[PDB]
Amino acid sequence: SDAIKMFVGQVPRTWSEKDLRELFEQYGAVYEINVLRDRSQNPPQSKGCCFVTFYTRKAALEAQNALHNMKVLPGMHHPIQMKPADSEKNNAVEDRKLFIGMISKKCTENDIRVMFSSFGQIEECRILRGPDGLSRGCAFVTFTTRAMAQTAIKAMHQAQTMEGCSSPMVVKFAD
RNA sequence: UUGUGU
């Protein structure tokens, strides 16, 4: 597929970008290798892990299949660990997720799904409940895109008061 | 008790 940056652990600290490029080019073309470094003191030192960006996802998977938990590099006591880099993270759930406050305690997960469905696809909806199963009068709602979330907010924040509630419904991005 | 995933 298209380009992707992988994070790789259990790389010997003595390996440089050049040793790494040779290892990963066995599985697919490599756009870039970047050894994570520690510069707290002299000299700079490898942190025993690197980023490799492959041109294609197919390459990245082929390398993963061949290496992850599979190959133990010279002097290591655990095999290579490889996964997409944190910087590759896209729709972090935490930025499509809404806190819904001041809902009726009789509100069901399905009631909320219904209330917010007209704004997009809801991937998850959960009512916070105490130990006795009683609603805490609030929920979490995750849309597939942040843009849906933002649309729900504009239209639903404080737009009405629900039964037993002392103030209008609260709709905002979750903490 | 405006409650943010035990």
Side-chain angles (χ1 to χ4, degrees), chain A residues 1-11 34-38 40 47-54 56-70 76-175:
Chain A
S1 182
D2 205 23
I4 187 182
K5 193 196 284 195
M6 309 292 298
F7 171 85
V8 185
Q10 309 295 317
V11 169
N34 169 13
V35 170
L36 285 76
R37 286 190 168 82
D38 174 348
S40 56
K47 301 183 58 87
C49 51
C50 70
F51 300 111
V52 51
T53 299
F54 290 92
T56 68
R57 292 176 181 254
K58 184 186 171 289
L61 180 57
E62 272 168 313
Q64 198 181 52
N65 288 323
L67 299 165
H68 176 70
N69 279 138
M70 289 295 310
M76 295 302 89
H77 289 176
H78 298 282
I80 289 175
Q81 309 289 312
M82 165 162 16
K83 75 177 195 61
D86 289 343
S87 62
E88 286 306 356
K89 274 134 200 224
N90 226 15
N91 282 253
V93 157
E94 329 121 8
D95 299 321
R96 302 178 267 135
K97 184 218 237 65
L98 300 173
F99 174 83
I100 318 288
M102 288 292 100
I103 63 178
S104 170
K105 298 178 151 116
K106 293 161 148 189
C107 265
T108 255
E109 171 188 330
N110 168 69
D111 304 331
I112 306 300
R113 279 189 172 271
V114 171
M115 289 181 33
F116 287 89
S117 69
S118 88
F119 305 103
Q121 161 124 55
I122 300 182
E123 128 178 348
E124 190 175 330
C125 180
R126 143 146 261 89
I127 307 287
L128 284 52
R129 300 175 179 285
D132 306 282
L134 301 160
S135 181
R136 311 205 91 127
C138 57
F140 287 120
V141 179
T142 308
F143 286 89
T144 55
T145 67
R146 177 167 178 97
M148 285 152 46
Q150 179 57 69
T151 300
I153 295 180
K154 185 174 280 272
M156 297 296 271
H157 183 63
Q158 298 189 309
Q160 69 194 272
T161 302
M162 297 200 61
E163 175 186 5
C165 298
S166 64
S167 1
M169 187 172 333
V170 158
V171 180
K172 53 193 299 213
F173 287 103
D175 290 340

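Naming convention: chains lettered A, B, ... in sequence-line order (proteins, then strands); numbering from 1 in each chain.
Residues satisfying the side-chain hydrogen bond (donor to acceptor under 3.5 Å, both in side chains) test with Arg113(A), not counting sequence neighbours, are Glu109(A).
The backbone N or O of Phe143(A) sits less than 3.5 Å from a side-chain atom of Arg96(A), completing a donor-acceptor pair. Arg57(A) places no side-chain N or O within 3.5 Å of a backbone atom of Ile4(A) that could act as its donor or acceptor partner.
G5(B) atom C1' lies 14 Å from atom CD of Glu123(A), rounded to whole Å. Between the CZ atom of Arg129(A) and the P atom of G3(B) there is a distance of 18 Å, rounded to whole Å. The interatomic distance linking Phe140(A) (CZ) with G5(B) (P) rounds to 5 Å, in whole Å. Atom CD1 in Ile153(A) sits about 14 Å away from atom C1' in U4(B), given to the nearest Å. Rounded to an integer number of Å, the gap from CZ of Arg136(A) to P of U2(B) is 12 Å. A straight line from CD1 of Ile103(A) to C1' of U2(B) spans 13 Å, rounded to a whole angstrom. Atom CE of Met169(A) and atom P of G3(B) are 18 Å apart (whole Å). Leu134(A) places its CG atom 10 Å from the P atom of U1(B), with the value rounded to the nearest Å.
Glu124(A) comes within 4.0 angstrom of a nucleotide base, judged by non-hydrogen atoms across all strands. At a threshold of 4.0 angstrom between heavy atoms, the contacts of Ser166(A) are confined to the sugar-phosphate backbone, with no base atom among them.
Pairs of residues two or more places apart, or lying in two chains, never qualify as side-chain hydrogen bond (donor to acceptor under 3.5 Å, both in side chains) while including a residue from residues 128-141 of chain A.
In terms of position along RNA chain B, the nucleotide closest to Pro168(A) lies nearer the 5' end than the nucleotide closest to the other residue of the pair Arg126(A) and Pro168(A).
For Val170(A), counting side-chain heavy atoms from C-beta on, the closest listed nucleotide (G5(B), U4(B), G3(B)) is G3(B). Residue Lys97(A) places its side chain closer to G5(B) than to any other of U4(B), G5(B), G3(B).
Residue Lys105(A) places at least one side-chain N or O under 4.0 Å from the OP1 or OP2 atom of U1(B).
For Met70(A), the CE atom counts as loosely surrounded, since its 6.0 Å shell holds 12 or fewer non-hydrogen atoms of other residues, nucleotides or ligands.
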